[PDB]
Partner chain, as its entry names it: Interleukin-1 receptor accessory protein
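A single chain comes next, written as structure tokens; it is the form solved without its partner chain.
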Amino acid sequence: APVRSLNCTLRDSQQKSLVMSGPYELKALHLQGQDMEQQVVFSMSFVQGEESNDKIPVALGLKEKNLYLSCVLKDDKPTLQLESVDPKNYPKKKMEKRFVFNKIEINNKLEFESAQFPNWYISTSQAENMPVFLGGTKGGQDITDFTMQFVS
């Protein structure tokens, strides 16, 4: 069958929203009212991969864009990028591993671990207007916890 997808927004546990802030750039900032309506709308696809009760493999595409969050080595480090794909082939159930996040539910929050890079997480900074990034630590200054909002 097709791949199943849900539209959603994410907010970090400090309640910062995500917005595309330039060519293939995602930043996190405090938003409310008119400024929130520009927040990134993910198409979260439920993809092939190792699965458990609280650990669900997903891809995070941008709604109606041929753009996916992906995890790749850059200058020899696991990094988060926005990667373009052939819009005739995506989304698909068997997404390449760089596009796969383990969505992990712990204490009413979500973490997104890279499937490709174990123990590397979608992260935000405490400061406003900084990039969303792949972070290799938790319980530091970096935020690795999120909430999801379902969108029509």
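Shifts are known only where both forms have a C-alpha. Residue numbers count along the first chain shown, from 1. Each form is matched to the other, and the largest set of C-alpha atoms that superpose within 1.5 Å is called the rigid core.
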Quiz item: Where do the C-alpha atoms have the higher mean temperature factor in this entry, in 82-90 or in 46-54?
Solution: 46-54
Quiz prompt | Average Cα temperature factor in the PDB entry - higher stretch of 7-15, 129-137 | solution = 129-137
Quiz item: Which one of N107, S123, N119, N102 shows the top CA temperature factor in the record?
Solution: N107
Self-check item: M36, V40, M95, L60, ranked by C-alpha B-factor: the highest one
Solution: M36
Quiz item: Which third of the chain holds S152 when residues are ordered by C-alpha B factor: lowest, middle or highest?
Solution: highest
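Just so it is clear, the following notes concern the form solved in complex with its partner chain, a form of the same protein that is not shown.
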Practice problem: Determine, after fitting the two forms on their core, whether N89 shows a C-alpha shift of 2 Å or more between the shown form and the other one. | Solution: no
Quiz item: After the core is matched up, is the C-alpha of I106 off by 2 Å or more between the shown form and the other one?
Solution: yes
Quiz prompt | Change in CA distance between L10 and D54 in the bound PDB entry, which is 3 Å or more, as closer or farther | solution = farther
Practice problem: Work out the direction of the Cα-Cα change for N53 and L10 in the bound PDB entry: closer or farther than in this form? It's 3 angstroms or more. | Solution: farther
Quiz item: After superposition on the rigid core, which segments of 3 or more consecutive residues show C-alpha displacements of 2 Å or more between the shown form and the other one?
Solution: 51-54, 106-108
